[PDB]
Amino acid sequence: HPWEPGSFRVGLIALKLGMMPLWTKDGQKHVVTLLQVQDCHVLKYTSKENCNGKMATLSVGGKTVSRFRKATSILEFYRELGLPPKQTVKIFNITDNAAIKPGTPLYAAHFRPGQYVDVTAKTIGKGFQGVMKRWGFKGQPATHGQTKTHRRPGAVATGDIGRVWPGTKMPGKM
Amino acid sequence: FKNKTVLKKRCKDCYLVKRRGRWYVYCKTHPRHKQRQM
Amino acid sequence: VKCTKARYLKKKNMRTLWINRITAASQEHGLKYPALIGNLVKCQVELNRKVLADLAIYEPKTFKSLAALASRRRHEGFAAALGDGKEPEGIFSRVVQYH
Amino acid sequence: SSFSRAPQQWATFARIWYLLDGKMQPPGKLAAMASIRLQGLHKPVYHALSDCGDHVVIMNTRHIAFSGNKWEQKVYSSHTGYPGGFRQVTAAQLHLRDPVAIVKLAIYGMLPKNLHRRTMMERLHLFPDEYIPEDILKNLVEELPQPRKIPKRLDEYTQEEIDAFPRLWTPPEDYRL
Amino acid sequence: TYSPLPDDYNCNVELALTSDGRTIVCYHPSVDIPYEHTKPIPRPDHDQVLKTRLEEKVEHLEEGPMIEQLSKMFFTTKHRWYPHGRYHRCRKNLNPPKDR
Amino acid sequence: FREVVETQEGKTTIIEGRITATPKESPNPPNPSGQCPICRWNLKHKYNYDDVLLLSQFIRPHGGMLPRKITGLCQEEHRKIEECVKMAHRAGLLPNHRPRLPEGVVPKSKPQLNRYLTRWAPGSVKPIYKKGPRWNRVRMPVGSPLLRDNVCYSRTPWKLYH
Amino acid sequence: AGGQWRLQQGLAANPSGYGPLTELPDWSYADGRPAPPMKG
Amino acid sequence: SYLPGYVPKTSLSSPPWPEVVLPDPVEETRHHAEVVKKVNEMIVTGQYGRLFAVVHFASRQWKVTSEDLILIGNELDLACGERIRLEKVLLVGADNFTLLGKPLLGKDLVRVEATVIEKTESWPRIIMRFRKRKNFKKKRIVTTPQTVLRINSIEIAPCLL
RNA sequence: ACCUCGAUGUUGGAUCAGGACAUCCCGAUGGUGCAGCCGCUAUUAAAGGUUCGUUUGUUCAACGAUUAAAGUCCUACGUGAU
Ligand SMILES: [K+]
Ligand SMILES: [Mg+2]
Ligand SMILES: [Mg+2]
Ligand SMILES: [Mg+2]
Ligand SMILES: [Mg+2]
Ligand SMILES: [Mg+2]
Ligand SMILES: [Mg+2]
Ligand SMILES: [Mg+2]
Ligand SMILES: [Mg+2]
Ligand SMILES: [Mg+2]
Ligand SMILES: [Zn+2]
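Chains as they are written, first to last, in UniProt numbering: chain A, 88 to 261; chain B, 66 to 103; chain C, 51 to 149; chain D, 2 to 178; chain E, 35 to 79, 88 to 142; chain F, 35 to 196; chain G, 23 to 62; chain H, 45 to 205.
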């Protein structure tokens, strides 16, 4: 179908290579991230009626992995599709005029220069971290009598409530 | 608009009107006569 | 201690349960609980809540007859209230006197 | 009834699906009649320890009618638990966001405050429009009468009733109106 | 034509009084469902070589999905479907008295 | 009634007043001794907002209330009818007396909210965020206080505040 | 229930007070011999 | 064509409940005799099965039928096996007919007989009272006497007319 | 002087703050002895913000330089098994 206003097309699943500087004709040094799209294909299509949602959902995979490290249910899904299994599978909300046949590969040419895009991925996990590194609390001075309190949250609530509000910033996995 | 518990016209041009649940005093001749029921 | 004090609650709770069951069956016949108990007294039918609850469960046809009697007696009172006593009392409104 | 012991017990403690039409009806009166059916209060064999409740299906929950200024004055408030999570929405705001929330909250506040209350809400079915799923529609039994009788609009009166009602005054012939 | 209650659903109640007025007679014969108010029962419900042997269709389901399926078909909550400990399973009377 | 029509031909405007058919009061009133048409027909304390047949006889084609000196009603019943007319439009029982829309105006689609017994105008009502204690509850008005003396066939009187 | 109506009929507000329901003996022998009077 | 008491039909002009017209007492009086005679004719021919009777015994109303048991919380001073008659019957009902006493049925219309089959004491009942911080504590155990009666037969006689 | 005399010393600060609106700033809107900028006053608004220092145990305050502003309070005069 031709392009229409209010239509959403599918995206890609890229791999973050690294960073590289880039200069413009204005002389400003802009740093960009090299996203490599490799073995990106459309897995299945779900219509708006079957989606139970406003938009139609489309399945996309990337980064072909080994067939020996997947469950039986996932492997048999790719057996009929005739594609190697994908590591990360994302679901994109599209419109009826943007449907793509399953098994269709996708390339970096899907995007063009001057187009603004949105990148989604898991952040770098820092494990269990204290409030000072997780929420940026100031802490306590290292000297002037301080006793075993330099990186502690301090007060967490008031005495009247006699409880801690949900969502209170406490040490945990970041 | 000056909030008054008791609304009193300040001249012959002031007129009462019931709008948005509370009485108002409008006066085009004297804009300072406008009042809102508190 | 709870055993001794629960003997009053058991008697109280049984009667409350009976009233709900009597009310449930009266609504199936288009009547309210005050309209049934109140009008059965005026017919000298002295049936307690225990019997009426049992009748409403095991004798549905008998309960409907009582509902019809209470409804008929209820209608007789309204007719008597419209008149000034000139008309005779209702057929079911007669009271058997005991000396 | 000369039934066998098991069929007789099953029939008495069976579940009956009822239908309610909520168009131009107050939510509370709909909830009052839905409360007794859900708890089983309409049965003479009712008891709290016996799960004798029935299924209530309410249709046209989007077209309920609120008496007075309850669309603007009544407020449905809830708290998410987080600081600053105290939300207060009016009946009109809640109705547009969720057409079935008003009826659901009225019924939920009438059931006894016990563990059985959440079980009774599972046997309550709400549908904003007149469309009903076949499985729910194929097992209905009785349509309970609407509590409030909808008054007739001026255009719904036939000429027989309009002409039957007498005019009380004679307007002057020179009145512009 | 007066009738205190409609004689349509349960029985035909006929109130009466005795000559002395000391006894109320209630003749209530049972009503029968008319033949025109009932529906007929739904009695109704190739080149095959291999007989269709019975195939087991007991699909394995986790504790979660199993309870969710049960809570929807019986229109109950998930709480009642979880098991109980030995302490409660031992307090239950396995030989309760029976009436009627 | 009387109607006014303006016809312009040859850039000249002519205004004329033409008399039309006027309805006549029904003969043999039940109570000729009444002073106003309400008690003349024993309709005092016996009508509500939903009786659009009675209310339509005291309103203009655009829904406006008629003057008291024209209809001949008393001061007490005119206010009661005036409030019933207001609640009739708000309840959607008068679809043929809508306000006149000037040319070139198309009303926007607005939330169709069913309501009745609405004392106040919907746009002038603020939500009750703080209900208050039990002894100082902020009740929601239902109906109209001017109908407090209407004939009630139930033992419980009309509840004008919820 | 019905206490006010009974008092207007010359009876007791409580049906257990006096009358045929209470004063009469509650049982009698099958042969027809009268029962001994109850304690109440 | 309007009477002085005429009111045009409105919401509150007429009572919400529909008007009810009671039957003519003269016409209904003979209609009652027809129903009573039919019900009386069902008793001579024995066109009834099991009968349930509501009797007033030990200040209690029992919905009893034939061959059933009732527990009475007092002693009747009667040897076990003795057959007695329950004089007070308030209601006798069948599958098709029901008779109501006002408030009691005549002795010539219904006869209910029971049998004393077991006289025993109740299980020990705990009566304990306790008040905190007052050293008030006393326990009492009582065994109220009990009596079990079995309803043998419930027969009626054709005396309605 | 009602609760606590069979283990909370209090104040202030640090830490992290939740909340009220009787609003210091940002927003909207009447009046003005509102030309325009500045101002004053009133209604509405608590989504967001509300500085760093010298002497002083300081809270506060003084003045030092700023800021669109350096709000009034409550919370066991918040928080001391931090
Ligand atoms: K301590
Ligand atoms: Mg890591
Ligand atoms: Mg530091
Ligand atoms: Mg130390
Ligand atoms: Mg240290
Ligand atoms: Mg009692
Ligand atoms: Mg304010
Ligand atoms: Mg402190
Ligand atoms: Mg401190
Ligand atoms: Mg502490
Ligand atoms: Zn003025």
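Positions of the beta carbon are idealized from the N, C-alpha and C atoms, including for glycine.
How about residue 159 of chain D and residue 100 of chain D: are their beta carbons less than 9 Å apart?
no
For the candidate residues D/69, D/150, D/161 and D/135, whose alpha-carbon lies nearest to that of residue 60 of chain H?
D/150
Would you mind working out which of A/171, A/91 and A/117 sits nearest residue 155 of chain A, comparing C-alpha positions?
A/171
Does ligand 2 have a heavy atom nearer than 8 Å to the CB of residue 220 of chain A?
no
Short of 9 Å Cβ to Cβ, which residues in the region 32-49 of chain D face chain C?
37, 41, 42, 43, 44, 45, 46, 47, 48 and 49
In angstroms, rounded to a whole number, what distance separates the CA positions of residue 124 of chain F and residue 65 of chain D?
15 Å
Report the CB separation of residue 41 of chain D from residue 31 of chain D in whole angstroms; it is logged as a contact under 8 Å.
The Cβ separation is near 18 Å, so there is no contact.
Return no unless some Cβ of chain H is closer than 9 Å to the Cβ of residue 76 of chain C.
no
In its own chain, which residues sit with a C-beta less than 6 Å from the C-beta of residue 43 of chain D, not counting the 5 before and 5 after it?
37
Of all the alpha helix (DSSP H) runs that stay within the bounds of the region 116-142 of chain E, which reach a length of 4 or more residues?
128-133
Which bits of chain C does residue 182 of chain H rub up against, with CB to CB less than 9 Å?
Neighbours of residue 182 of chain H on chain C: none; closest Cβ ~11 Å, over 9 Å.
Based on Cα-Cα distance, which residue from E/35, E/108 and E/46 lies nearest to residue 72 of chain H?
E/35
Residues near residue 116 of chain A in its chain [Cβ-Cβ closer than 8 Å; skip 5 each side]
108, 109 and 110
From E/69, E/90 and E/48, residue whose alpha carbon lies closest to that of residue 78 of chain H
E/48
Given 8 Å as the limit, tell me if residue 234 of chain A has its C-beta closer than that to any heavy atom belonging to ligand 4.
yes
Does any residue of chain H bring its CB to less than 9 Å from the CB of residue 165 of chain D?
yes
Would you please verify whether the beta carbon of residue 92 of chain H is less than 9 Å from any beta carbon of chain D?
no
Using a cut-off of 7 Å between C-beta atoms, extract the partners of residue 110 of chain E located in chain H.
Simply none; closest approach about 46 Å.
Where do the ends of the beta strand (DSSP E) carrying residue 108 of chain A lie?
102-110
For the region 43-77 of chain E, list every residue whose C-beta sits within 8 Å of some C-beta in chain C, in sequence order.
44, 45, 47, 49, 51, 55, 56, 58, 60, 62 and 64
Does residue 85 of chain B have its Cβ less than 9 Å from a Cβ in chain F?
yes
How would you write the range of the alpha helix (DSSP H) that residue 127 of chain C sits in, first residue to last?
110-132
Integer-rounded CB distance, given that residue 149 of chain H should sit under 8 Å from residue 58 of chain E:
That pair is no contact at about 10 Å.
Please say whether residue 127 of chain A and residue 192 of chain A have beta carbons closer to each other than 9 Å?
yes
Under 7 Å Cβ-Cβ, which residues of chain E neighbour residue 80 of chain H?
50, 52 and 59
For chain A, is any of its Cβ atoms less than 9 Å away from the one on residue 158 of chain D?
no
So is residue 23 of chain G in contact with chain C if we call contact Cβ pairs under 9 Å?
yes
Would you say residue 211 of chain A touches ligand 2, meaning its beta carbon is less than 8 Å from a heavy atom?
yes
Under 9 Å Cβ-Cβ, which residues of chain G neighbour residue 88 of chain C?
23, 24 and 27
Leaving out five residues before and five after residue 128 of chain E in sequence, what residues of the same chain have Cβ atoms less than 6 Å from its Cβ?
none
Do you know offhand how far residue 110 of chain F's Cα is from residue 181 of chain F's?
11 Å
Taking only heavy atoms of ligand 2 into account, decide whether any of them is closer than 8 Å to the Cβ of residue 214 of chain A.
yes
Fully enclosed by the region 123-156 of chain A, which alpha helix (DSSP H) runs are 4 residues long or longer?
135-138
Where do the N-terminal and C-terminal ends of the alpha helix (DSSP H) with residue 29 of chain D fall, by residue?
28-40
Report the neighbours of residue 119 of chain D on chain E: residues whose CB is nearer than 9 Å to its CB, in chain order.
119 and 121
Chain-ordered residues of the region 157-171 of chain F with a beta carbon less than 7 Å from chain D:
159, 161, 162 and 163
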